[PDB]
Every structure is written in structure tokens, then in C-alpha cells.
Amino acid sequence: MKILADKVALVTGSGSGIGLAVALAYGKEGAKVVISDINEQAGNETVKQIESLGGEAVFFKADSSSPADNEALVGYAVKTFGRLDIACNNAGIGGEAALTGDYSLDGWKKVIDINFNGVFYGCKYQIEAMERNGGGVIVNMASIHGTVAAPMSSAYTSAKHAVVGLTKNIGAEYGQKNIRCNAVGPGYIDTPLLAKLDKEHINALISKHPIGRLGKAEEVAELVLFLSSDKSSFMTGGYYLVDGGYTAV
């Protein structure tokens, strides 16, 4: 049938951007989708788009940095659809731009709490549900900056590195428990947030991608979909680039 038919999938930060594209891919492939976001209007709109494709979805408001919200979100998924098969830990921020020496303590803490700690809180409660329902598959949203530096964004690079480590650890630990965990590392993707950067800055970013363009959110979602499906059944603890060659040079 459709490759995610009969599965229940959760996407954090699915109000916008990559998370939106992943939630739509999940919906189109027959998953029952739980949308989570800080922004309710964005989240409800994602639900409405999935429903308008003929999929099934619900919205639950949660801050990814809160342990209690992550626990509650998994609780809601299981209450609503009876199980949790697939989680995409996508919620994240870019953070302030400053050299490491000048990086604010609060700005640091915020990036680490959302982009790193929050991914762990998600995984922890997701794992608990997945163990109950016979296993599952987690996709953690990392970055190219999980492996290469992003000057002026030390907290982002550090957090995305930490997500790659966490992913390896979960994959290794739950190998024989039927839970797989993998990390996706996108290059620079054309979002609305990108339209806020200056055009000169955008050309420079483009020049760093051998493919000669920015990526699209749908192109990342294709990889997430794969890694979320049964097709990727021998793939766990891995890190998978979608970067137009950025890390190849």
C-alpha cells in the first residue's frame, strides 16, 4: 500500500519549514500524524493541509525543550491513535550569530535546550512508547553542522554534533529491541527564514554547495521518509547527509 500505512508518526516543529514538509510526506504515505509546535496557528494549518490531502492528523502544542511537554505529547499520540511508530525530532532554532568568545550565556543555553536537550527529552519518551508497542523508528534532525563548523554559530554546531552522538548511542543500545535511530544532516535549505538573510549572503551560501543551488524542504523530507520506513530496516545509528555536496569539499 502506501509505505507508512497503519503507522502513527510524530513531527516536532512541524508548523513550518522542514517539519512541515516531513509531516506532509508522512500524511501522504498514510501515516496518522501528530503535529507539535510552539505556534498553534501554524500547527493547525499543517493539520488542515494533511486533512485536505485525505490524511489523518491532530495538533498538540508543546515546547520541545520541556521534559513534561515531550512526555505529554507522546501520551497524547498514544491516547489518540493507540501507539507510536515513528518520531521525527525536528524542532530547532538557528541561534544568535557571534564568535564563541562573544557568545551569550543565555543564547547558548537556549540553543542547547531546544536543539539538543529537547531532542533527548523527545527520544526518551518516544522510546518508552515504542518499547511498549513492539519498537519503532526515530529520525533526529541534525545538520551539516553536525560534522563541520558554522562560524559564529558555535552553540548550533555543538548541539547538532551532540544530536549525532545521541543518535549513534540510541541505535547501538536498541539494536536488538527493534528501535532504529538515524540522523539527517541537511545543507542550506530554502525556507522563509532564509529570505531574511541578505542576497549577498545567500549567494555565498550557494557557492558553498557544489550542486549550485539551495535545497528544498521536500528534498529533505524524502530522506526522512526513507529512514522512517521499513525500507531502511538495516540502517541504524547512522548520519545521512542531504547537503548538495557541501561536506564533500
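Numbering starts at 1 and follows the sequence shown.
- The mean Cα B-factor in the deposited entry runs higher for 39 to 47 than for the other of 213 to 221 and 39 to 47.
- Two stretches are in play, 236 to 244 and 5 to 13, and the higher mean C-alpha B-factor belongs to 5 to 13.
- Taking the deposited Cα B-factors for 157, 176, 167, 90, the highest one is held by 176.
- Among all modelled residues in this chain, the alpha-carbon of residue 106 has a temperature factor (C-alpha) in the highest third.
- In the deposited entry, the Cα temperature factor of residue 60 places it in the highest third of its chain's modelled residues.
- Residue 194: CA B factor lies in the highest third for its chain, per the PDB record.
- Sorting the modelled residues of the chain by their CA temperature factor places residue 85 in the lowest third.
- Residue 52 sits in the highest third of its chain by CA B factor, as recorded in the PDB entry.
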